[PDB]
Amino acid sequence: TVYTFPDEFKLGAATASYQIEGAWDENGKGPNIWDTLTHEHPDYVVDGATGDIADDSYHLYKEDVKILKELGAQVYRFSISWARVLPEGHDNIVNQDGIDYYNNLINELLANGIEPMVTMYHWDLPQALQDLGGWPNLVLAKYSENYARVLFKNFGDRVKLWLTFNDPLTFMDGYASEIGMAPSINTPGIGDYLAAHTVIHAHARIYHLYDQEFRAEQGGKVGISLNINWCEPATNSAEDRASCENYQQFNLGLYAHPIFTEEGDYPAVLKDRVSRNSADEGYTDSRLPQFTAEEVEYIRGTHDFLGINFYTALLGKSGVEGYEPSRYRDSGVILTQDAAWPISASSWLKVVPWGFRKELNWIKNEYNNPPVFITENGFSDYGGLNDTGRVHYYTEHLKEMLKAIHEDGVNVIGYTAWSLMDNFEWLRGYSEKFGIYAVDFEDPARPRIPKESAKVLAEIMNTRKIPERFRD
């Protein structure tokens, strides 16, 4: 039983637009912040790589559907490129080529028995909106609503699973470094919090929009995808446990407390620690933006499920480190990783499968067991089809998730592997491989070929169980 998926549980795979599509300026698509980063700052990216072509999924979407069908995916999670649909960011111009493209992909999926799950925003802001300041400028919340309306109107008759945002914990960091994630602006501890504030407002507007203009007719569900690492106390002390709670609140709670609790608002520890630190440094005003009571009420409850992106764990101990000002310094935890944990091809990613079960329990207890859809989980290597490390990563994480479901009563409702295929891995270029399908980036045809992990995941999806040879 503990090795069998619930009957209604949805299994599949996931991608993101800039990581896979290419066709960066084709047929009316406008420029986004990742076009800008990779064109103007190739020094920020391994190999000076760009997403100009990537997997060429703009042209090769039918091949993506073919491999999803081979895999036996029930669901495909992909994102929509804002600037492909609204090239100027604002809703004055709708690019028919972009509408057609996503319709073509959606229709192909459905014709092959695969359900579309659509992320509206996976990091590719139109440059015209970044030029207003991007996420730190609250005007983007209404622009986001208008973008979502175009998506619901054009696609919502066939799409019933939506994510407003993917991982704003990461994308807010594009406002906390001059050399990092797009748009690579150095306002740590100030602009990243403003970005988070706008994203939360935007998410809430999009959910209310769905309620008001689309839900009765379309009958779908709207969530948000949040990334969170497990944070294990470095020792069993109460002080180290406090530091790990700080970590959860400063990383997951920053977004989930306003939306998924009955109280709403930011977590108290977030408000209080930033208030105190801001005062001690001489600011008249806290660096953390505030919600009014009316805004708290508007934002809380804006969810039909919680999307979780899970990859790894950290150790946390009591203390403070990092630069002043910064979210890490404000968070009041000293973070490390254990040298004993198996490694990947990504410095930040260690294999800690039991951390997945711990995190799912933390979420269950904090948010009153919301329906959780695992929107990303996966592993990097540098290449190869006999990807034993990735196979082990998937079988262990799936076993831990099944224990969370069956032993711990966590309401996990679906799981999409990150990623369907090797793709443009942001600042790492093509150097880190996360796919279950390999892609030859030197071959203009970009063939997709199954790794061992794709074969094992197909076996899992077909049998609806963990095969005996991978059981404890």
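Residue numbers run from 1 along the displayed sequence.
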key: Stretch with the higher entry mean CA B-factor, where the candidates are 100-108 and 249-257   = 100-108
request  = Quick one: say whether 407-415 or 31-39 has the higher mean Cα B-factor in the deposited entry.
outcome  = 407-415
request  = Pick out which of 215, 271, 300, 329 has the highest C-alpha B-factor in the PDB entry.
outcome  = 215
remark   = Highest CA B factor of 313, 194, 114, 200, as deposited, is found at 114
ask   = Lowest, middle or highest third: where is residue 24 by Cα B-factor in its chain?
value = middle
remark   = The third of the chain into which the C-alpha temperature factor of residue 88 falls is the highest
key: B-factor third for the C-alpha atom of residue 426 within its chain   = lowest
note = Chain-relative C-alpha B factor for residue 390 (record values, thirds): the middle
Residue 237 by Cα B-factor - lowest, middle or highest third of the modelled chain = highest
